[PDB]
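# Report on the structure
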Amino acid sequence: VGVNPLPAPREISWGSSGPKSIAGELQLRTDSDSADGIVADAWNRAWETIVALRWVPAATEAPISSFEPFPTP
Amino acid sequence: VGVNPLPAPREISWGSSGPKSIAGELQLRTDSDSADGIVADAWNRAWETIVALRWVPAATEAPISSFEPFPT
Amino acid sequence: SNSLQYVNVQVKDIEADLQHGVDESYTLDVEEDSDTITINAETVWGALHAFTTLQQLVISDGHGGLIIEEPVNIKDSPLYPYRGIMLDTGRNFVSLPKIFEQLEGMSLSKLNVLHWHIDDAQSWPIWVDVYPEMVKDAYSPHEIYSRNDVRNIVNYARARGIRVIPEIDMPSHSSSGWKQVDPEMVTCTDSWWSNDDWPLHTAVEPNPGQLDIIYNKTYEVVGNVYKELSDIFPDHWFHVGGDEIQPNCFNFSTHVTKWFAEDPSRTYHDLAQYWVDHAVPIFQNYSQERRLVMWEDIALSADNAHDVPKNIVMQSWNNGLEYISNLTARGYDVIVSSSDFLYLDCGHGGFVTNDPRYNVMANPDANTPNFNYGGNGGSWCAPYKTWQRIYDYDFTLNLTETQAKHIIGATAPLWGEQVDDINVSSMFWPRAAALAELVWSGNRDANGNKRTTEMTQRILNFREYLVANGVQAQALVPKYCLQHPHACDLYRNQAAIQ
Amino acid sequence: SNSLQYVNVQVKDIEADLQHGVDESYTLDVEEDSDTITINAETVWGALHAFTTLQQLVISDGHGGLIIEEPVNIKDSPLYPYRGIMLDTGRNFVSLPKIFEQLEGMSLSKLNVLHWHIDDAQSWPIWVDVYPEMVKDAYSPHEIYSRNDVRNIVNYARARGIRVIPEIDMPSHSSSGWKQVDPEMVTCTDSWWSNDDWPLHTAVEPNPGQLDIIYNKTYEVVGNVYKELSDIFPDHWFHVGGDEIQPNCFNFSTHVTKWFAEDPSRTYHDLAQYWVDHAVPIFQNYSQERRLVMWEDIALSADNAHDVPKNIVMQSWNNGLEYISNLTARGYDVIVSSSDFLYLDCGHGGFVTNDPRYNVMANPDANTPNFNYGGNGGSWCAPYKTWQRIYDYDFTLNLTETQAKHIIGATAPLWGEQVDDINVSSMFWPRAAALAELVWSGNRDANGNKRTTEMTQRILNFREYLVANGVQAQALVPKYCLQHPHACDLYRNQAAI
Ligand SMILES: *[C@@H]1O[C@H](CO)[C@@H](O[C@@H]2O[C@H](CO)[C@@H](O[C@@H]3O[C@H](CO)[C@@H](O)[C@H](O)[C@@H]3O)[C@H](O)[C@H]2NC(C)=O)[C@H](O)[C@H]1NC(C)=O
Ligand SMILES: *[C@@H]1O[C@H](CO)[C@@H](O[C@@H]2O[C@H](CO)[C@@H](O[C@@H]3O[C@H](CO)[C@@H](O)[C@H](O)[C@@H]3O)[C@H](O)[C@H]2NC(C)=O)[C@H](O)[C@H]1NC(C)=O
Ligand SMILES: *[C@@H]1O[C@H](CO)[C@@H](O[C@@H]2O[C@H](CO)[C@@H](O)[C@H](O)[C@H]2NC(C)=O)[C@H](O)[C@H]1NC(C)=O
Ligand SMILES: *[C@@H]1O[C@H](CO)[C@@H](O)[C@H](O)[C@H]1NC(C)=O
Ligand SMILES: *[C@@H]1O[C@H](CO)[C@@H](O)[C@H](O)[C@H]1NC(C)=O
Ligand SMILES: CC1=N[C@@H]2[C@@H](O)[C@H](O)[C@@H](CO)O[C@@H]2S1
Ligand SMILES: CC1=N[C@@H]2[C@@H](O)[C@H](O)[C@@H](CO)O[C@@H]2S1
Ligand SMILES: *[C@H]1O[C@H](CO)[C@@H](O)[C@H](O)[C@@H]1O
Ligand SMILES: *[C@H]1O[C@H](CO)[C@@H](O)[C@H](O)[C@@H]1O
Ligand SMILES: *[C@H]1O[C@H](CO)[C@@H](O)[C@H](O)[C@@H]1O
Ligand SMILES: *[C@H]1O[C@H](CO)[C@@H](O)[C@H](O)[C@@H]1O
Ligand SMILES: *[C@H]1O[C@H](CO)[C@@H](O)[C@H](O)[C@@H]1O
Ligand SMILES: *[C@H]1O[C@H](CO)[C@@H](O)[C@H](O)[C@@H]1O
Ligand SMILES: [Cl-]
Ligand SMILES: [Cl-]
Ligand SMILES: [Cl-]
Ligand SMILES: [Cl-]
Ligand SMILES: [Cl-]
Ligand SMILES: [Cl-]
Ligand SMILES: [Cl-]
Ligand SMILES: [Cl-]
Ligand SMILES: [Cl-]
Ligand SMILES: [Cl-]
Ligand SMILES: [Cl-]
């Protein structure tokens, strides 16, 4: 998995069922937001960031490469 | 004076007859510019900065202050 | 596979206010066949965290669409409830867009405390209604935080689950502002700080000044300024400061030296107590839920106060684990900010001028690190703390359980001698992301091994994210190292660190 | 008193092109009862300096208008013709607007050389027509310097009397780009740089690789790159590198292994000399006016070549005065870049990852500065060089009158491991302005005494001037120190320095 969210969440477990497309626009659903709409407001900012950035992971985890060994004749 | 150009010029000497206002805009006058107008262009940049900044010295030289002595 | 459409959020109680120790935990789930990203949080504040995690999972599919790469199960919560950075606006002013920018990075890394060091000896940038005259000591009329400026900072922070915890540093680091109210409530402010002649020194840093701990009216003004500020800052915590009490400064006050004459049994420890036993009541007086923070010096410097209430949170910055052990043993709740690991300002030489220590045209000793060759270059807390230094700090090492549970978190201070808008962000970021993980989820892998090498690509990517999000974070390596993972490691052995 | 209306500029030689040594001097006179600001200069380049001086003199009268505070007579010129900073776009990409911003800073501080370290092992960001494939080792398609980009850079500089001196570092620091043209032309690029296992080390820092000095075709490809680049950079000076040849890397070249085998008396000195005898004539032959610059390593390192032509300017970065004295005494022209005084990148610790040297939970030796406690923190050149450290540098100290004549100026480099658009300007500035004064008018007052304490307010003010001109220079002090002159001095005695 390319993404590597910071901070490392306590417990995170990824599947192998393949990628999940976002169907156009992710819609928030809650009947339990603070009266002043903090969850709604935070969501709107996150979603607008997600859609404007279309983030492409810039660095990703890998095993180390096979560097060519120092020769000895 | 308040101004203090960097680098300090090799030789610089100020008078004491007071300020000289820039009347209107300093017009450049020269007969001796390159064919590519290097000087004319540099003056436009320099002059447009001067009028846009209307600079106010942010730090000026003065002798270190007189502090009250440690009481004996 | 199924396509995602909705985000479902259930907050257990929508009433919990943004205060120390509020339940910040959440769960986030994406299932194969489910068209819904499921988020559960104890509070609104945990849900806010889910969203900042969530945006770091949703990436481009390479064809103008978005994906989460796999289904996923996340359960997550902060190891410590106090995860912070400290902004110094006393030494140099920082504008609101740039304060907003730090709060943005804070949000994406889940830091929940902006410790704001508002004033210092050098300036007083905050408007006070009761004493309009204090801001006469701001750097200019444009470099002032209006009442409304503070409300917007607090709100902008609240929207991102960040508590703003103010600091007016008393009784030291006090000259500017104060002395426009009453010039006799400050002493030695016209002294020479005198580190060229060390015995007569009134300060650690130039622009000397401290509050006259004896003078009647000191505590009225302090109380009025404090009460006004307390009202505009909705956190229950408040930072009184109390660091670096210089004994020689009081010699310039008749009062304090007369007070020492009256009874020559009186020492400087007594003088500290006097402030404690007069100032703390005034501060505790404000509110029922009011908690205090102060720098450790008050209860652990050379000239410390005999008895500091175990009620006051102690922010530790000296001697690393040693001083953390001392305070935690004596029943103090502690904020870790040890200078040897977490001071972000270090490593930029000294800022003090007319300084001949730089004027050495040759290495005076090639075998030992010295001032201009291997040594500090005039930064007392040198070297510069790299993100690794920060991430490696095991701040509960060799402590007991009873001790360890007195640690409430950490704060990385950025002192502002050589910091204004121009570099505040590149000094904070991405290194504060290293702290952010250290106090969120720690620096250990599943087996307890130190996972700094795993943090490499995470923090490197996170830096580029921060930049994508407006936060001007410093580059940490040649970009070749991001694209070639571990190609810039010093050891191939991924177990090199322990 | 009499109002100013005109700026008269008389330039004696309008032909003099922007090239090394051209006369940069000028006079600037504002007389009590004259309506004219009078500027005289030997060339247009001297005239530009006059304008940047002049803009620092015209200030607000606080009532909506503008003044010069008093009459003034100035006569000015630089102590050294080579006044530079070096930008590293090999480790990390710096965009055109940030390159322009630096040139603006140079303009205002009268620096006149931008030494452009274009590539390094880690990336090749510059478009080359003759080998299109080199930019495959650019960090991204949007992180490439097109030929038109270079034209606009050269030109932006030209307009501010700034010379751009390109550097393509050879034969060390060579992997990216070259290896796209021909894999054989570079060696040990796939090796492990191996500072964890010191006896096998192939480089001093990650991303190893060096041009194969023996491989015949190396000189074909370098000749073709050099030529195409020489054509787009108009300065007669070109920097061909020569720093930090690593002997261990050539053990990956069969070609060099055979070369040592076929005559076992050969040393790396000979190998270095082989490069000098084959590369230099190609470089020197571009044009008659061509002068080369090289890092001192080629003529002074442990693996130095035997005979480096005294044609080639040596850039000195190690051992301070000792290497400057050594070099000048052998007859080389020297650009001072001594890393103990002028390296702008030191003091940000190390960048190499998986480093256990940070992992020390208590001071292991309080009696002395060590890695994490008062020592270098992973930065080999620590500490960070303050503006004072830079300004205080008397780089002609103990040089004879003849040695000192071989000093042509200085260059503060900013190596790019932890530098890109975000912090490039705050790492250069305002420290670069301290070097600027050092090589323009020196660090001494009229009586020959070091005036560091006088520089304080000038550089503090100039920093703000930089910020007002769009140059994102770093704060140096609390602003209190600006507003209370000398309040922040360590020594009250103003002759301490
Ligand atoms: C600044 O003011 C303080 C007091 O206001 C001075 O500190 C005091 O220094 C005197 C000696 O110089 C100490 O008195 C000593 O008493 C003991 C008796 O057991 C003995 O060691 C000597 O007989 C001595 O006289 C006094 O304790 C000390 N006070 C405190 C509170 O520490 C200080 O000297 C002044 N500094 C100046 C003027 O530079
Ligand atoms: C990488 O390659 C170089 C060049 O092949 C290796 O060094 C060369 O080999 C040996 C070093 O042991 C040197 O020759 C020997 O000289 C001694 C007497 O001094 C003699 O007893 C031996 O019979 C042999 O002839 C030779 O000087 C040296 N060439 C150099 C330094 O240019 C080097 O060892 C290789 N490095 C590694 C890590 O494999
Ligand atoms: C410049 O420094 C070099 C050190 O690399 C000196 O060169 C050495 O000088 C002595 C005497 O010839 C030899 O034993 C070394 O082998 C020389 N190095 C060589 C040939 O590479 C040189 O003397 C110095 N110049 C000075 C101090 O003026
Ligand atoms: C310069 O020469 C004199 C000779 O006595 C010496 O004192 C000084 O230390 C020398 N070099 C340097 C770098 O100071
Ligand atoms: C921790 O304690 C052990 C002994 O219990 C000691 O050997 C070690 O040096 C200590 N380490 C630190 C970092 O304090
Ligand atoms: C608490 C502390 N008090 C001082 C601060 O006022 C400075 O800003 C800092 C400089 O790094 O040093 C100590 S730490
Ligand atoms: C010449 C020099 N070559 C090296 C550079 O490639 C590094 O980037 C620099 C880092 O400080 O150190 C030396 S100086
Ligand atoms: C991390 O993974 C990405 C693919 O997600 C690679 O492109 C990168 O090189 C590294 O292996
Ligand atoms: C990883 O990197 C090493 C060093 O370049 C290569 O040799 C290997 O093939 C892979 O690309
Ligand atoms: C891993 O792969 C590298 C690069 O091809 C080899 O050179 C090495 O021997 C190992 O098999
Ligand atoms: C330098 O001089 C200015 C006026 O030119 C003062 O206002 C300032 O305080 C400093 O002393
Ligand atoms: C210079 O500064 C000192 C220190 O505040 C004062 O004592 C003096 O009067 C002058 O203002
Ligand atoms: C120098 O002058 C100042 C006046 O500002 C005094 O306060 C000080 O004590 C010293 O004599
Ligand atoms: Cl509550
Ligand atoms: Cl008492
Ligand atoms: Cl030291
Ligand atoms: Cl120090
Ligand atoms: Cl010419
Ligand atoms: Cl002159
Ligand atoms: Cl030979
Ligand atoms: Cl020689
Ligand atoms: Cl060290
Ligand atoms: Cl090192
Ligand atoms: Cl003088």
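Structure determination for this PDB entry was carried out by X-ray crystallography, with a resolution of 2.3000 Å recorded in the header.

Looking at the PDB entry, one finds chain C named Beta-hexosaminidase, with Aspergillus oryzae as its source organism. Under its PDB header, the title given for this structure is "Crystal structure of native beta-N-acetylhexosaminidase isolated from Aspergillus oryzae". Quoted straight from UniProt, the Subunit (literature references left out) entry for chain C says "Homodimer. Oligosaccharide moieties may also take part in the dimerization. Dimerization is a pH-dependent reversible process. The individual catalytic cores dimerize and the catalytic core of one subunit in the active dimer interacts with the propeptide of the second subunit." Reading the Sequence similarities entry of the UniProt record for chain C gives the comment "Belongs to the glycosyl hydrolase 20 family."

As recorded in the PDB entry, chain B goes by Beta-hexosaminidase and comes from Aspergillus oryzae.

## Considering the UniProt feature "disulfide bond" in chain C
Residues and elements named next belong to chain C. Judged by the 2.5 Å criterion, the UniProt-annotated disulfide of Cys188 with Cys249 is present, its S-S distance being 2.0 Å. Of this pair, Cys188 sits in the loop between β10 (186-187) and β11 (210-211) while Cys249 sits in the loop between β12 (237-241) and α6 (254-262), and the two are 61 residues apart along the sequence. Given the relative accessible area of 0%, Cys249 is considered buried. Measuring from sulfur to sulfur, the annotated disulfide partners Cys346 and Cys381 are 2.0 Å apart, close enough to count as bonded by the 2.5 Å criterion. In this pair, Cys346 sits in the loop between α10 (339-342) and α11 (387-392) while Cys381 sits in the loop between α10 and α11, placing the two residues 35 residues apart along the sequence.

## Let's talk about the state of the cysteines
Residues and elements named next belong to chain D. Summed over the entire model, instances satisfying the criterion amount to six disulfides over all chains. The disulfide partner of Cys346 is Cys381, and the S-S distance across this bridge is 2.1 Å. Taking the torsion about the sulfur-sulfur bond, which here is approximately -105°, the covalent link between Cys346 and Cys381 counts as left-handed. Taken together, the residues span a long stretch of sequence, with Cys346 in the loop between α10 (339-342) and α11 (387-391) and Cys381 in the loop between α10 and α11 at a distance of 35 residues. Both residues of the pair, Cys346 and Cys381, count as buried. For chain C, the disulfide bridges join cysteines in the arrangement 1-2, 3-4, 5-6, where the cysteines are counted in sequence order.

## Observations concerning the sheet that holds strand β9 (residues 163-170) of chain D
Residues and elements named next belong to chain D. Taking strand neighbours around the barrel as the criterion, the eight strands line up as β7-β8-β9-β12-β13-β14-β15-β16 in a closed arrangement whose pairing is parallel. The average angle at which neighbouring strand axes cross in this sheet is 30°, direction not considered. Contacts from helix α2 (residues 96-109) reach β7 (82-88) and β8 (113-117), with the element oriented near 150° to β8.

## Remarks on empty space enclosed by the protein
Throughout the structure, instances matching the rule amount to 12 cavities of 30 Å³ or more. Counted as a void, the largest cavity has a volume near 140 Å³. Contributing to the lining of the largest cavity are 17 residues, with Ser172, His173, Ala203, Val204 and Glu205 of chain C lying nearest its centre. Counted as a void, the second largest cavity has a volume near 110 Å³. For the second largest cavity, the lining is made up of 17 residues, of which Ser172, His173, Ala203, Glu205 and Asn207 of chain D are closest to its centre. Within the lining of the second largest cavity, the residues separate by chemical class into five nonpolar, eight polar and four charged.

Reading guide: rules and limits
- Residues numbered from 1 in each chain as written, not as in the entry; some residues may be left out.
- Chains lettered and ligands numbered in written order.
- Heavy atoms only, no water.
- UniProt positions renumbered as here; feature names shortened; annotations may be inferred.
- Disulfide = S-S within 2.5 Å.
- Helix = DSSP H or I, 4+ residues; strand = E, 2+ residues; numbered from the N terminus.
- Buried < 20%, exposed > 50% of the residue type's maximum accessible area, 1.4 Å probe, protein only.
- Pairing = 2+ DSSP bridges.
- Axes fitted to C-alpha atoms, helices over the stretch in contact; angles between N-to-C directions.
- Contact = heavy atoms within 4.5 Å.
- 1 Å grid on protein atoms, 1.4 Å probe; cavity = no way out; pocket = protein on both sides within 12 Å on 5 of 7 lines; lining within 4 Å.
- Points joined across faces, edges and corners; volume = space filled by probe spheres on them.
- Nonpolar A, V, L, I, M, F, W, Y, C, P; charged D, E, K, R; others polar.

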